[PDB]
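A.B. asks: Got a sequence here, can you build the structure:
(chains A, B, C, D and E, ligands or ions: 6)
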Amino acid sequence: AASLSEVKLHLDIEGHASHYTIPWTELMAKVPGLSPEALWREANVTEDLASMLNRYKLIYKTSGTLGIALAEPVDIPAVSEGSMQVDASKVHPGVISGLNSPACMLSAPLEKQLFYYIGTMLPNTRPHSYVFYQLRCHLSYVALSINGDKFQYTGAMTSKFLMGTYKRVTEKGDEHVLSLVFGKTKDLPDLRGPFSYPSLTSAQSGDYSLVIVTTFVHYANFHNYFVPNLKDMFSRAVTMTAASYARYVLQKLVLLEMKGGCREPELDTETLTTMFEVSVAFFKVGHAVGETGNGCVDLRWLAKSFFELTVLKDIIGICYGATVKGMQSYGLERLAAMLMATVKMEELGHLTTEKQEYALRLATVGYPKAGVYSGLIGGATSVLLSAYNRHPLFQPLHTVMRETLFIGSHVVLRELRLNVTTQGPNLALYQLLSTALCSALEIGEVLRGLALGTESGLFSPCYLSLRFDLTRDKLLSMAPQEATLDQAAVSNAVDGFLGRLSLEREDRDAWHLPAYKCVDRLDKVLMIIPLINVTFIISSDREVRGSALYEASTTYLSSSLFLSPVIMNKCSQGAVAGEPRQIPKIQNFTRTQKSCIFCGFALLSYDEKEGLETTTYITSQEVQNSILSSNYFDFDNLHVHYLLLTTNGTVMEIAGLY
Amino acid sequence: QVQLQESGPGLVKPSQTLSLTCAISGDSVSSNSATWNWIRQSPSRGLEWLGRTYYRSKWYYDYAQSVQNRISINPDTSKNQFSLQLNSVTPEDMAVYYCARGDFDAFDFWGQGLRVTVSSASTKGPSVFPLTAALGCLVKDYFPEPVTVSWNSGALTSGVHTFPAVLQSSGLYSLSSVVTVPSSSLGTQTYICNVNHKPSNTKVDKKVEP
Amino acid sequence: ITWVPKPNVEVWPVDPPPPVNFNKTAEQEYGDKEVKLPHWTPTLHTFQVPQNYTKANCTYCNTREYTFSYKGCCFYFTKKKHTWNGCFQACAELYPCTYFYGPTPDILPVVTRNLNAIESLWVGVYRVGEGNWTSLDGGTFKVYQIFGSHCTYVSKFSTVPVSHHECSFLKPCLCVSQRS
Amino acid sequence: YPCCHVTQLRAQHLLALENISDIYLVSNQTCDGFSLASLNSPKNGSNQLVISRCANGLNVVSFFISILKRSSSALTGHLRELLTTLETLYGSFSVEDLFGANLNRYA
Amino acid sequence: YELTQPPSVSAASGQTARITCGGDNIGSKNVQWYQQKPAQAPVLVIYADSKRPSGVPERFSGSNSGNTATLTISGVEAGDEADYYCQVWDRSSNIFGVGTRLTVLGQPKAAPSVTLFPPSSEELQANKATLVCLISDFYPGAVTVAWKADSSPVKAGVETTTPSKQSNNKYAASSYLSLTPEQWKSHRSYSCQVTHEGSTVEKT
Ligand SMILES: *[C@@H]1O[C@H](CO)[C@@H](O[C@@H]2O[C@H](CO)[C@@H](O[C@@H]3O[C@H](CO)[C@@H](O)[C@H](O)[C@@H]3O)[C@H](O)[C@H]2NC(C)=O)[C@H](O)[C@H]1NC(C)=O
Ligand SMILES: *[C@@H]1O[C@H](CO)[C@@H](O)[C@H](O)[C@H]1NC(C)=O
Ligand SMILES: *[C@@H]1O[C@H](CO)[C@@H](O)[C@H](O)[C@H]1NC(C)=O
Ligand SMILES: *[C@@H]1O[C@H](CO)[C@@H](O)[C@H](O)[C@H]1NC(C)=O
Ligand SMILES: *[C@@H]1O[C@H](CO)[C@@H](O)[C@H](O)[C@H]1NC(C)=O
Ligand SMILES: *[C@@H]1O[C@H](CO)[C@@H](O)[C@H](O)[C@H]1NC(C)=O
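C.D. replies: Residues are numbered from 1 along each chain as shown, chains lettered A, B, ... in the order given. Ligands and ions are numbered 1, 2, ... in the order given. See the structure here:
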């Protein structure tokens, strides 16, 4: 190929001297990617010392290296005794059936699939040309471009190190560029010329390091808008578990969405730091897999980590329009979908919380795209149904339940974002049960989490509910009155809550509902209750194409409560005119109903001045018993009335129980 | 030279409509950087700005609260003037009306201003009579004030003093005006006292012969 | 009146999942393993003075619908958010004899007083070439410039006009009408 | 022997690894400035005198460190010992030590 | 909105005079000062707090701050005796001042000049008789008038006017004694009397 042979290096280290004969022949045949002449060209061997010094004097050198002492987490577990060793390439149709089956995916094939793509990581783009030797290797990249392609971030990762390159193009055309390299000190990319990492490492642990590569001028320009907490970032990276880091980034990105960073991406420290941390999360997963060292990774760890990675992928694609090449193993996807065939979605909630979470994670990793297996929604709804049956009625959601349901929500959200779907009924079940779980107490807990930047704000059933009554004022009434929390943060949380529930855009709102095309004034709608055989629409205006028009006994409330039933989701030709019907008050009733008479009905409590308070879907006799034998019915309060919505389509009013 | 003068009927019956017009000169009614304002002054209401009009892209009219439903201010580009109409006038509307130029904030250059009175009473003709040394001319019993007095059509100005009228119990007004001539110059030249009362279309010249 | 007991609620049945292709080539499951890292080329757009829109020689003040007045100027906040450049138009079409303003000659502390603690406001001080920051009223301006761009905004806490990074963002606009 | 000075401005003076047989790198104190590359053409029949080119020691050492790193699978103990010795030599670098020096100390 | 200005202000001739005008945030607005001399149309004397229209003495100056706006006349000569009004524009309303009457102290107590006019020939030819008393060129402008038919007083049928400022910043007034011509030949001669600042001046 190239007429190159051996060479001898002579040196006089100690008093005596010695030589070393490095044969470029045979060594080129042992390492196929080696091109010694290319690196010789890269190295300005004939560089005058002055020009070297100029190169050094142009690259930013750190103002001290923070020597922190951080500890690696316990991420990848040990192989459970009796684990089925799965080669990702040789995935047999019957490897191991059952969610309870111990199974582990072999490290090397998985790495060969995650980092299957090859390409040039370190480019010939100043300043990297000055500092680094160009490297072509198996990579994975996350890349985004915002503000009219003027700001661009490209984070490229191996199984060893990670380089995030930022670039801003000025209006005139000046290009400022700044790169951050995270990875184990030993595994850090090969350096060139006079440059040494010590002078460039911003932070360093016992084994890891964070390096900043840019020119002084570029550094200044960036510093005007980008002052990151290098200590905090480095610490979180080294210490946090892969899943935990990914979830941290997800929360950050959801908070940026609420503040409007998706529509109008602002160039602030938080936004850019989050950009880098995305790449860090993906890298962390890859790094751990690689470090195993020709071992095994339990399918549970792979499920949790890659579920978080999938969620991050879609969120950055919708927000910033980003691309993730790599970090996707067809073996894992296949194995997950296979195990999905071994469970019954309709009864997924009838399993343990652990297995529920495992299966839902496997569903997201195995069927990432919407359109393949649409019955996954069933499984999600199953979990939700089960959760509703065991959840303290109206009370806020517990951390554990919130996590389980958040894991299962993504399937529902993906199919809701589509224009056509097949599991509409089940989707409406999910949304109905979310309206039920959406209580003032829950809203409060979510607003608290949003204001305090905690996990409670990430997901709430309210987010995917059919409640369109929540307005800024209503939210301020249901807001945490704890004085500890700054009310300014509470106000921003209220605004963000409305942002997540914005019928405007936010495809995850109204679309696939079958009675959505029976409303003409979709701004005056308050709640849609999709029951079996019926779709009730509660609104403030009387203009709704329905089978009937009920008016509730409201007392000088501007938002006069109008209930319109749509039987068999059939838009009745012609809006109901004349006078709305009065709600039949039923006072003949008993609390000790031995049979589930209400099973499949809905109970709605409303204040004739404040609005709709509570919604309850009688799913089981247990729920009926709970509602009847509790403090739910306080007929003493003459302002709060209780309405019963039936599958036949009749709205009654529970007002007495003999 | 920016100037502008008011005109119109000075007497208005109760209820009724009040009409006035101000003619300007030295500037354009369609000016891009001005506004034309009607402002009245009365002891009962102080100095109250009635209204204003101007022309930019379209013709805009601004009115005050005290006469929102009763006032109209319409311009006229041909004669370079602008009018003022106030319907359903009351005794509270009895005042001296001025027109002025302005710029939303300040009112630069004012009109002479004409006195509008309301009392339903009819116009009465003024009865004129004649009389170092001084010689004058008296005017008794006239209702619609004011009345202008001159000597030789303004040829003589120094040594002249016109007194302000006075209202009798009956409601009619009276006023006198005197000039000063030396006692040695008693039978020299001739002095003609000109009297002009507009609201009755009266103009009479009384020669003072001692 | 008759009350028949309905059964418990359950999930609607779902079809089983399709089988998963093992015969996939892997080479076609992914793509060609050779990848090039993405590169973007942004279309530079030079900014010149609009000329079509400029300082009006007329005087006006919609006394009933102005946001705030001061000395000899009336100030309006556009209700609809607009682009920075397009606001040159958005001020002229709002009210007669209204135009995009640069705040410091009037002293902007009053403007910043009439804002919320999060809402921004496009202001009308710019720089056509690489010269001084100026407005339609003219003169020079002290500006807290941190980006290359030509546009500027103000916030509740702003002390001086601040240069923005993307002039395409939607924000309300400060427009003025003269009284001189 | 006394050290050399690096000059690349020479046009049409081509340099290729194919025709480089011996690379002499200077050590500490010997030249201080680390001008540590005497590249010598193959000497299988060309008498004596100057056939050598002076070149930058730090760039040459970085190139060799990088190629030995990129071939850790093929490296056999002897070349690994070479890698460690050359890494210590590169660790003996001092870029600050050339800031105050006036350079061209061999012309 | 509430323009509060002192009802009256006084100053000696030559000393600087100050007229104030208060209101909520009047310093945020453009204050205008108009001068109205007695029996004249208002004339803008100060605009935009400090700006002066063409042809206004430099002694006139203006300031505006917070809740107080001051119009200072440094010269205080003749013709400055007038009513001074402040004017502002709060939203859709032009608020004028109540009025500040300026008094120029220092002027000497000029003696009054009185003259009398008997019933004219054409006036006596009809059934009317009017005696005109013309008082002029006197300061302070405060006089009380009384008629004497013949040492004996009368308090019926007499019309007096208000003292009215003259061109030379003096004052004048006109009394009218109306009666029938038959009541002229009754008494010997009628006498007008005017008390000015205590003193009394009569004519017949
Ligand atoms: C490898 O060889 C040399 C050593 O670094 C590099 O040539 C050097 O290039 C710089 C940049 O163009 C030259 O600086 C120039 O100096 C002239 C003075 O006439 C000035 O007009 C330019 O604006 C610029 O500042 C420098 O002189 C030159 N050094 C030499 C010839 O010894 C070459 O670029 C290196 N190549 C790579 C790929 O790194
Ligand atoms: C719901 O509708 C179906 C028709 O699809 C009907 O057969 C069934 O009886 C209805 N269920 C109830 C509980 O009314
Ligand atoms: C501004 O340019 C447009 C070009 O489409 C033109 O139609 C318009 O008339 C211009 N503006 C004015 C005030 O003429
Ligand atoms: C900018 O303003 C300064 C004065 O502040 C002046 O000296 C200079 O010439 C101006 N430059 C341009 C390009 O207008
Ligand atoms: C290298 O040497 C060979 C043989 O001496 C010669 O043919 C070739 O031209 C040389 N190459 C260069 C780049 O000088
Ligand atoms: C080489 O020289 C440097 C600079 O004086 C010194 O720090 C280092 O210890 C020396 N090492 C050896 C092996 O001589």
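A.B. asks: Okay, residue E:139 and chain C: tell me how far apart.
C.D. replies: Residue E:139 sits 41 Å away from chain C, going by CB to the nearest CB, to the nearest Å. For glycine as for every other residue, the C-beta is placed from the backbone atoms N, C-alpha and C.
A.B. asks: Quick check: chain neighbours aside, which residue is closest to the residue nearest to the spatial centre of chain E?
C.D. replies: For chain E, the residue nearest the mean C-alpha position is residue E:165 (4.6 Å; CA atoms, centre = their mean). Nearest residue to residue E:165, sequence neighbours excluded (CB to CB, 6 or more residues apart in numbering or on different chains): residue E:38, at 4.3 Å.
A.B. asks: Same question for residue C:173.
C.D. replies: Setting aside the residues directly before and after it, residue C:173 is nearest to residue C:87 in space (CB to CB, 6+ apart), at 3.9 Å.
A.B. asks: residues contacting that neighbour?
C.D. replies: C:78, C:100, C:122, C:124, C:173, C:175 (CB atoms under 8 Å, 6 or more residues apart in numbering or on different chains).
A.B. asks: Hmm, residue A:651 is touching residue A:564, no?
C.D. replies: No - contact criterion CB atoms under 8 Å: residue A:651 and residue A:564 do not qualify, at 9.5 Å.
A.B. asks: Need the residues touching each of these two.
C.D. replies: The contact sets of residue A:651 and residue A:564 overlap at A:536, A:550 (CB under 8 Å, 6+ apart).
A.B. asks: out of the two, which sits in the more crowded spot?
C.D. replies: Higher neighbour count among residue A:651 and residue A:564: residue A:564, with 28 against 23, using other CB atoms under 10 Å in any protein chain shown.
A.B. asks: Now do the more buried one against residue A:539, distance only.
C.D. replies: 7 Å (CB to CB, to the nearest Å).
A.B. asks: Which parts of chain E belong to which domain?
C.D. replies: For chain E, automatic domain parsing gives the domain ranges E:8-105, E:113-203.
A.B. asks: Tell me which of those is the most buried.
C.D. replies: domain E:8-105 (a mean of 18; mean count of other CB atoms under 10 Å in any protein chain shown).
A.B. asks: Endpoints of that one, how far apart?
C.D. replies: End-to-end span of domain E:8-105 (CA to CA, to the nearest Å): 13 Å.
A.B. asks: chain center to it, what's the gap?
C.D. replies: Put simply, domain E:8-105 sits 18 Å off its chain's centre (CA atoms, centre = their mean, to the nearest Å).
A.B. asks: before we move on, what about stretch A:253-267?
C.D. replies: That offset, for stretch A:253-267, works out to 14 Å (CA atoms, centre = their mean).
A.B. asks: Run the contact check for that stretch versus chain C.
C.D. replies: Yes - shown here: stretch A:253-267 in contact with chain C (CB under 8 Å from any CB of the partner chain) through A:264, A:266-267.
A.B. asks: ok, how many other residues are close to residue A:269?
C.D. replies: The burial count for residue A:269: 12, using other CB under 10 Å.
A.B. asks: my bad, should have said residue C:31
C.D. replies: If you count neighbours by other CB under 10 Å, residue C:31 ends up with 11.
A.B. asks: Within the helices and strands, which one has it?
C.D. replies: Per DSSP states H and E: residue C:31 is located in neither a helix nor a strand.
A.B. asks: Which residue would be the closest one in chain E to chain C?
C.D. replies: Nearest to chain C in chain E, going by CB to the nearest CB, is residue E:92, at a distance of 4.6 Å.
A.B. asks: ok so, going back, export the domains of chain E as JSON lines, with columns for distance to ligand 1.
C.D. replies: Converted to JSON lines, the domains of chain E look like this (distance: least, CB to the nearest ligand atom, whole Å):
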{"stretch": "domain E:8-105", "distance to ligand 1": "57"}
{"stretch": "domain E:113-203", "distance to ligand 1": "84"}
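A.B. asks: can you list those domains in a markdown table and add distance to residue B:178?
C.D. replies: Shown next, in a markdown table, are the domains of chain E (distance: least, CB to CB, whole Å):
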| stretch | distance to residue B:178 |
| --- | --- |
| domain E:8-105 | 18 |
| domain E:113-203 | 6 |
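A.B. asks: Nearest to ligand 4, out of those?
C.D. replies: Of all those, domain E:8-105 sits nearest to ligand 4, with 25.8 Å by CB to the nearest ligand atom.
A.B. asks: Is residue A:605 in a helix, a strand, or coil?
C.D. replies: Following DSSP: H, G, I helix; E, B strand; the rest coil, the label given to residue A:605 is strand.
A.B. asks: in chain E, which spans are helices?
C.D. replies: Taking DSSP state H, the helices of chain E run over residues E:121-125.
A.B. asks: same question, chain C
C.D. replies: Applying DSSP H to chain C gives helices spanning C:87-94, C:109-113.
A.B. asks: Understood, closing this out.
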